[PDB]
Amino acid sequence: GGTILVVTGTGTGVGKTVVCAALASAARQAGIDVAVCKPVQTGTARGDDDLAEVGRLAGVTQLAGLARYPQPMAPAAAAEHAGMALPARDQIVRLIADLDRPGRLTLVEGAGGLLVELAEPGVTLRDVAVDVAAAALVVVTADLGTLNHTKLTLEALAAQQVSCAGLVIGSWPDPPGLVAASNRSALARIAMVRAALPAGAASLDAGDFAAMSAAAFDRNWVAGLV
């Protein structure tokens, strides 16, 4: 096959989706074919559609999903509220494996943090990454507390031999500030910081977002992904 990368985060609302779009965009601009799988989407009642975000920000067309829940909650809580089960582990893993092909960078977005239940029973994006032999890109914030959450997430990855492909700071403030500046240096000593997306990047149009994305990542690392 090709390269499967799961795009996780230290938590919820840390920029997972915008990073997935940024990497997608930078990889497409490197001539890499990109697909994104988001097996479970919640929050559809209020308009949440992370696949469409990547579609519009990055131009990706291979956008694979299995389930959509109206409530802006955890997949398990959203599915409980809807009275309908989450998808099965086999559906997620097989969808990703069917998406994966030579020459292609396939990004996998879960929901919230790394140990969030995505499929029955208590299957997580970590289990899925083990099953498809994917490495994990970990999206982190620049804010107070990001170091503990990052170290916690990287331990959980290594505790299951899920390789860490690096960190991305989901939102980099202007101008940084003492905590943000200190955190960025401390994060680099924990793992490779592959990018720090400027704050506000999620609101960019497709051309501006592509420009930002190409500049945010190191071309050689992107091109080395596949």
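When you see a residue number, it is the position in the sequence shown, counting from 1. So that the term is clear: the rigid core is the largest set of C-alpha atoms that superpose within 1.5 Å between two forms.
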Report the stretch with the higher root mean square CA deviation, pooled over structures and residues in 8 other deposited structures of this protein, choosing between 117 to 125 and 134 to 142 after a rigid core fit.
-> 117 to 125
Of 90 to 98 and 117 to 125, the stretch with the higher mean C-alpha B-factor in the deposited entry is 117 to 125
Which of the two stretches, 57 to 65 or 172 to 180, shows the higher mean Cα temperature factor in the record?
-> 172 to 180
Entry record, C-alpha B-factors for 216, 14, 24, 18; the maximum is at 216
By the entry's C-alpha temperature factors, tell me which of 52, 192, 196, 186 sits highest.
-> 192
Compared with the other modelled residues in the chain, in which third is the CA B-factor of residue 73?
-> highest
Select lowest, middle or highest to describe the third in which the CA B-factor of residue 42 falls within its chain in this entry.
-> lowest
Taking the entry's C-alpha B-factors for this chain, is residue 152 in the lowest, middle or highest third?
-> lowest
When the modelled residues of the chain are sorted by Cα temperature factor, does residue 82 land in the lowest, middle or highest third?
-> highest
Within-chain third of residue 167 by Cα B-factor, per the entry = lowest
